[PDB]
Amino acid sequence: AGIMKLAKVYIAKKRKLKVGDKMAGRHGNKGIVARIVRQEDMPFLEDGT
Amino acid sequence: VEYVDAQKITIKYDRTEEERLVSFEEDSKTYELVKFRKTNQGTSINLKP
Amino acid sequence: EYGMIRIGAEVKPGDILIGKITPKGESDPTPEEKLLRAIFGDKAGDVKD
Amino acid sequence: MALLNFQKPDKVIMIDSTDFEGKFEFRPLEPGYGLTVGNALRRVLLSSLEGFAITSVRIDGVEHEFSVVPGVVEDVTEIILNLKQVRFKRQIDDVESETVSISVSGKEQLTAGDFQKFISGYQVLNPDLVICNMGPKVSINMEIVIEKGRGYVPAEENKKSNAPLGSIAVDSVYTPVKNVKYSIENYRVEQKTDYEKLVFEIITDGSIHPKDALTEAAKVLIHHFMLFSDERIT
């Protein structure tokens with residue numbers, strides 16, 4: 001009572017992973033993403049992956 | 001199941017003859033999937049078949 | 001028409017989501033205000049954002 | 001004159017190569033040069049090669065990405081994620097962009113190969129990719145924009161201020177090279193058993209043959225290193 005009309009707007013945010021986002025495993029290991037590193041600068045195995 | 005779509009899943013349930021005699025409803029039933037529903041924390045509930 | 005953002009719009013910062021007008025505070029209509037509205041017009045119609 | 005004793009390699013030898021995978025050999029090499037040549041080529045191959053991808057999609061009856069097409073099992077987010085994986089190759093020279101209108105009905109599955117009928121300036125390399133699952137009486141009238149670029153461009157940089165209503169900017173991945181592997185083996189020239197052989201294995205998505213990917217990477221490196229000439233130092 002006392003309110004004539006209710007207007008609701010729902011807004012969706014697509015949030016990709018970025019520097020500063022918090023990640024964690026299942027074993028109490030948590031961290032902040034400090035750098036998004038390119039594919040060619042990553043450590044790679046003998047097969048190149 | 002009868003018909004599957006991103007919004008609904010309708011399925012024919014197998015009912016015994018006595019249960020069919022006693023129940024007023026058709027054996028088929030339709031479930032509406034939750035599509036991008038806000039939680040208490042801001043996360044989304046998106047269900048797909 | 002109801003001052004409500006369309007489905008599919010991009011909510012950049014500072015955009016209007018649900019526009020609204022609230023009746024502004026007309027005090028006693030002093031003669032000077034009456035004349036100014038009579039000659040210039042109702043440019044300052046009684047509505048606040 | 002001090003650099004003349006260097007052992008100059010002959011050429012690049014194609015051992016085996018299909019349109020997707022390729023194996024190459026560089027020989028003979030001086031001790032330590034296989035590593036630098038291979039790593040530079042791998043970095044350039046993985047970083048700076050051009051390819052074609054979808055930048056925007058418009059589906060009739062769909063206002064934004066977080067919606068659903070009536071009768072289609074997949075949502076529009078999943079459809080966009082599948083459209084990101086559709087790889088294209090040039091078929092006609094001198095094309096930089098193309099807007100393709102696709103109308104598909106009567107098939108239980110919408111795949112990438114369904115777009116080849118409506119595409120004139122490109123070839124779909126993975127026609128078996130399932131874009132979406134549909135009912136037998138569900139018709140999809142969609143429109144995709146295929147462009148050219150290098151690297152990965154997010155959706156915010158593909159948003160066109162003049163795009164029609166319902167256009168959804170789609171994250172674009174342009175890199176045609178999927179995997180680069182290189183190994184250094186010992187190569188023997190006459191009485192010297194310390195030379196090097198560089199073995200390259202390149203896996204691409206099919207838009208560029210591995211040999212031309214190697215040539216393009218070499219060209220980029222050469223263009224960068226020509227700037228170190230005497231005339232270009234101040």
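Every read-out reported here was derived from the displayed coordinates using simple, explicitly stated rules and does not represent laboratory data. As a convention, Cβ positions derive from the backbone with ideal geometry for all residues, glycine included, and neighbour counts pool all protein chains shown.
Counting only GluC sites (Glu not before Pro) that are in a DSSP loop and have at most 13 other C-beta atoms within 10 Å, tell me the longest site-free stretch of chain D.
D:1-95
Using only Cα atoms, what Kirkwood radius does chain B have, in angstroms?
Hydrodynamic radius (Kirkwood, Cα only) of chain B equals 12.9 Å.
Scan chain B for chymotrypsin sites (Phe, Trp or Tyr not before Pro) in coil per DSSP, keeping those whose Cβ has at most 14 other Cβ atoms within 10 Å, and list them by number.
For chymotrypsin sites (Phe, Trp or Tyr not before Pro) across chain B that sit outside H, G, I, E and B with at most 14 neighbouring Cβ atoms in 10 Å, the list reads B:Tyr13, B:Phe24.
Give the residue list of GluC sites (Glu not before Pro) in chain C that are DSSP loop and have at most 13 other beta-carbon atoms within 10 angstrom.
Answer by residue number: C:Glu1, C:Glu10, C:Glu26.
Please average, across the residues of B:36-45, the number of beta carbons from any other chain that are within 10 Å of each residue's own beta carbon, and give a whole number.
2
Within 10 Å of each Cβ in peptide D:65-78, how many partner chain Cβ atoms are there on average? Round it to a whole number, please.
What the average comes to for D:65-78 is 5.
Of A:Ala12, B:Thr10, C:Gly14, which is farthest along the charge dipole of the protein assembly as shown in the positive direction, counting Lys and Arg as +1 and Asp and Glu as -1 at C-beta?
C:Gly14
Once the Cα gyration tensor of chain A is diagonalised, what are the square roots of 5 times its eigenvalues, in whole Å and ordered largest first, as equivalent ellipsoid semi-axes?
Semi-axes from the Cα gyration tensor: 44, 16, 10 Å.
Quote the charge dipole size of chain D about the Cα centre in Debye, to the nearest 20; the model charges only the Cβ of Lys and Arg (+1) and of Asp and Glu (-1).
460 debye
Counting only other residues whose beta carbon sits under 12 Å from that of B:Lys38, what net charge do I get with K and R as +1, D and E as -1?
+4
When the dipole is taken about the Cα centre of the protein assembly as shown, and only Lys, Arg (+1) and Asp, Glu (-1) are charged at their Cβ, what size is it in debye, to the nearest 20?
The dipole of the protein assembly as shown has a size of about 1000 debye.
With each pseudo-label sitting 7 Å past Cα toward Cβ, what's the D:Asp128-A:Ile11 distance in nm, one decimal?
4.5 nm
Suppose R0 equals 51 Å; then what is the FRET efficiency for C:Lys24 and B:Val34 from their Cβ-Cβ distance, rounded to the nearest 0.05?
It comes out at approximately 0.75.
If you keep only loop residues by DSSP, which trypsin sites (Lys or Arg not before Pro) in chain C have at most 15 other Cβ atoms within 10 Å of their Cβ?
The qualifying sites are C:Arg6, C:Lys20, C:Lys24, C:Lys43.
Provide the net charge surrounding D:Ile208, with neighbours chosen by a C-beta distance below 15 Å and charges set as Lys +1, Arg +1, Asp -1, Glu -1.
Surrounding charge for D:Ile208 is +1.
Quick check: pseudo-label points 7 Å beyond the Cα along Cα→Cβ at D:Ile222 and D:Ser101, how many nm apart are they?
Roughly 4.5 nm, to one decimal.
May I ask for log10 I(q)/I(0) of chain C at q = 0.27 Å⁻¹, from a Debye sum over the Cα atoms as equal point scatterers with solvent left out?
Scattering profile of chain C, log10 relative to I(0): -1.05.
Rounded to the nearest 20 Debye, what is the dipole magnitude of chain C about its Cα centre when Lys and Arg each give +1 and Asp and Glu each give -1 at the C-beta?
Using only the charged Cβ atoms, the result is roughly 140 debye.
With n ≥ 4 as the cut-off for DSSP H runs, can you work out [θ] at 222 nm for the protein assembly as shown, using -39500 (n - 2.57) per run divided by the number of residues, rounded to the nearest 500?
Calculated from helices alone, the mean residue ellipticity at 222 nm is -4500 deg cm²/dmol.
State whether region D:100-185 is rounded, prolate or oblate according to the following rule on the C-alpha gyration tensor (a ≥ b ≥ c being the square roots of its eigenvalues): a/c under 1.5 gives rounded; otherwise a/b larger than b/c gives prolate, and the remaining case gives oblate.
oblate
Once you average over the residues of C:7-20, how many Cβ atoms of partner chains fall within 10 Å of each Cβ?
The per-residue average across the peptide is 3.
In nm, to one decimal, how far is the modelled label at A:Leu45 from the one at D:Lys137, with both set 7 Å along Cα→Cβ?
5.1 nm
So what's the angle, to the nearest 10 degrees on a 0 to 90 scale, between helix D:210-226 and the longest Cα principal axis of chain D?
The answer is roughly 60 degrees.
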